[PDB]
Amino acid sequence: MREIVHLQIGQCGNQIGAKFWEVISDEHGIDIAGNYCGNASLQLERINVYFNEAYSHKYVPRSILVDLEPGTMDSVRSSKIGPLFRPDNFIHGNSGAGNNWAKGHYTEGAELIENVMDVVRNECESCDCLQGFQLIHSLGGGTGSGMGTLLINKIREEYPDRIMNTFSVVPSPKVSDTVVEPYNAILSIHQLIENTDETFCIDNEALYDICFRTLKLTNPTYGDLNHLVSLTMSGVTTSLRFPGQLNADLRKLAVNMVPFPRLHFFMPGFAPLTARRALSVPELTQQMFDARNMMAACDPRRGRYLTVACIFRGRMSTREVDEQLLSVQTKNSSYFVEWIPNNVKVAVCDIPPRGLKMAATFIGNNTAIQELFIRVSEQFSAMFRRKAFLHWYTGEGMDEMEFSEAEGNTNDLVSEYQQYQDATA
Amino acid sequence: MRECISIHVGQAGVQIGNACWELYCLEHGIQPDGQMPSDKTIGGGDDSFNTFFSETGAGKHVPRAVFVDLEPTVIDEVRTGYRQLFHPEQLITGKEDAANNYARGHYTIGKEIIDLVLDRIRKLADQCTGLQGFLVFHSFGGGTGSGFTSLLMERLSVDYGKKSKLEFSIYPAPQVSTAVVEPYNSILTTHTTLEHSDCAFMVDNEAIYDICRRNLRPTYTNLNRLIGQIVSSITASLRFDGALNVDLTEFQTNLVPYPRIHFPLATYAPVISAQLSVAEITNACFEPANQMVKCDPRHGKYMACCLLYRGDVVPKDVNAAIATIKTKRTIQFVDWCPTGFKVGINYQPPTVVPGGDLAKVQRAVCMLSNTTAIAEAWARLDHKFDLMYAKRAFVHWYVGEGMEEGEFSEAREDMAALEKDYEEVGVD
Ligand SMILES: COc1ccc(C[C@@H]2NC(=O)/C=C/C[C@@H]([C@H](C)[C@H]3O[C@@H]3c3ccccc3)OC(=O)[C@H](CC(C)C)OC(=O)C(C)(C)CNC2=O)cc1Cl
Ligand SMILES: Nc1nc2c(ncn2[C@@H]2O[C@H](COP(=O)(O)OP(=O)(O)OP(=O)(O)O)[C@@H](O)[C@H]2O)c(=O)[nH]1
Ligand SMILES: Nc1nc2c(ncn2[C@@H]2O[C@H](COP(=O)(O)OP(=O)(O)O)[C@@H](O)[C@H]2O)c(=O)[nH]1
């Protein structure tokens, strides 16, 4: 099997990665000692993408936890999966950037990028073959977004023939109190447009909306958001973790879902979302394409699905799933582009996530993601027309033309998204 | 692991610094001779007062204070009425005063003494390994406290460009003023120290005098004690356990969005003669007559709020007080993620001077809030500056020390730009 090297940057990336790894090791039947204890032979199949085989039946993850503060590493080690992770792969700085993108992109990210490049090269030179790199980080923070984009640039320079999959968390004002986050988000969006081929746009605004309306929980606690993003990430990666008709092993997913090198912003979603219950096919399908259910602040009625990869997990009849999805596609033919035929790919995995009898995960390159890049850009416009906190970033060697370049690139992306939405077959 | 070096310039700066260090020794339980009863068992630093107090080899807790003035009377007053507390090497005196002239303290009299003060600053900074910056104590009206402050800010911006420097200025008041050219000195030291100061807590003596008149003429001693209490509760969070605003970067980032707009406003509720609920003392922090700057915040828009509570205040009712404050339509925030009242609560009660001017209280509240209402004060100062420059009054006392005539027009242009930027912030 091929090998993926997992990279987590920032405390948001570290926390969501720890919850995601716990969900995966519960699903794959791996204990805290790294030994297999599951009851299905499919769990041990395709395990080399994520878990490195150590001595004496020890399946440790190939995870590179990167941060600039040791408190996040201590919180990772204090959890249940702390001894499960590789202790040699821990990289932590002394001083955090603290919502400073320039400090994590030009000084401290630059001063730790040589060490993380040495760790990446040490992991990569032992690979029989490299499949790609999976990155999970937040676009609003200081070392998260900045060091993620610097790692993306260094990986693209070192390995130009490898895919770059990013679980970029777009910041939102409803859960984050820091005001300078549109600067970091727009700068990282401009870097991810030019130096990345895949992006899973998981938005905290839609997560707060889901926890407020669906789960009826007023408080947007970070544990519930961690659990929801971990469940959606497990449902997304069930194509890579298990063999099937739709393997979608990184490059295949990019060939199917990405028509253009700039318009590669996805929209993951999870239909049976329940906090810490009859489940059937048509209710899951009608919850699959709902605006409220999706984990990005978008309106799918205003956009067109360029590509859809709906994946079902559990014990279900495949004929009924195919009939229901064909009925959904024919009943809503105005919601899909007519110049890309057969854009809905369905795969069924027999192993559900633990705690759920059935699961339904959707990935989509909808045109409605340009509403998110209009919202973040218009919050960036209200923060750049009056130059709030501009002395911090421009004092680190960043030119003020960099913000104008990022704004122009995001406006060009919005213009191209609208232009390709207006075209019809 | 972190150090701060307090700098006091001028007679006002020296007296305010002496009162503040007396209150810091009172609040932390440090004996006046320098020893400590309880915390000297360890004998080392990093005990939450190492940001201000340094320990010598004999165990004496000498403060990291520099007292600079061009008149040695107040320095000898501190050295006599304290003497073993402050080392005589760090207390710099001067021979001739600048005598209510900015140019005298900035070009001729301060220039003959700036190198020794810089050498003493470097000598005190050599003992500091993780220092954050400096607290500049000065006054806008004087000659030393404007000219030497401006030259010191220029030298510290050239030599210490990786550090952030605060400011503790005294805004001039017509009730107690010893000079007529305080508008000239204040405008010139505002224009010179605009790019070299990052947080300026300018407090006028008119508000302190009115508070002492209506709650407690009162002399400079009562004003000094009240101002020392105000500054001690402003910087209470820096010398105590960490909730928020424990660093100079925290002060610069929680309140100062712009490179030029760095003038916060403080307001204090519990001034009683030597009970009161949390909701009313939170409401009294929004009263325009209890602010430390004589201005009306209701005509302007807020930018930030850092409510700091002292004493045994339960954090449950603070949010209810916040809700009752926010239900009123008086506060009109800005419209780019304005956030709200970032309350941090310190459980140590504040200590008052025994038999002084303020009674001991259990609930104390301070409102470090940025607004655009300081533009009224700067408009008053520029109106007084424009009245005394239409006929070129008092001009020759500055040109005789090497200052050019165009410096006044440059400071007028800078103050016009500051007023225009305050208006542009105030206009959506
Ligand atoms: C327009 O008026 C306003 C309205 C609301 C607010 C909200 C107000 N300020 C901001 O968000 C400003 C963020 C800019 C960055 C700047 C750009 C960082 O590079 C600076 C840096 C920091 C550390 C080390 C090196 C460099 O500061 C932060 O991230 C600081 C980190 C520090 C405390 C550790 O953290 C916070 O700010 C807190 C303490 C967590 C919360 N702060 C707030 O709620 C402010 C204003 Cl002025
Ligand atoms: N609140 C307060 N203000 C003071 C005190 N001493 C001086 N001032 C202020 O100082 C201003 C006049 O400046 P000066 O009398 O020249 O004193 P200075 O500012 O220290 O300047 P120099 O005498 O040259 O050192 C007045 O407007 C007062 O407001 C004080 O002890 N308390
Ligand atoms: N969904 C989710 N988002 C988070 C979580 N923690 C932080 N974030 C987001 O990440 C951003 C902060 O980035 P952070 O990782 O703290 O950057 P750093 O401090 O420089 O490492 C904020 O805007 C939050 O919205 C979490 O547990 N869940």
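Numbers run from 1 along the shown chain.
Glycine too: its Cβ is placed from the backbone N, Cα and C atoms.
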Motif 'MREI motif' per Swiss-Prot: which of the ranges A:1-4, A:181-184, A:189-192, A:333-336 is that?
A:1-4
Please give the maximum pairwise Cα distance, in Å and rounded to a whole number, for the GTP-binding set A:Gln11, A:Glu69, A:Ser138, A:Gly142, A:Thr143, A:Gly144, A:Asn204, A:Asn226.
23
Residue counts (helix, strand, coil, in that order) that DSSP gives for the motif 'MREI motif' (A:1-4):
0 helix, 2 strand, 2 coil
Please state whether DSSP places A:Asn226 (GTP binding site) in a helix, a strand or coil.
helix
Pick from A:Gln11, A:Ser138, A:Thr143, A:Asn204: which of these binding-site residues has the biggest number of other Cβ atoms within 10 Å of its Cβ?
A:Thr143
Validating a neighbour-count step here. Other CB atoms within 10 A of the CB of A:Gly144 (GTP binding site): how many?
34
At a 10 Å cut-off from the C-beta of A:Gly142 (GTP binding site), count the other C-beta atoms across all protein chains.
26
Taking the Cβ of A:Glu69 (GTP binding site) as reference, which residues of that chain separated by at least 6 in sequence fall under 8 Å from it?
A:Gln11, A:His92, A:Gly93, A:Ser95, A:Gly96
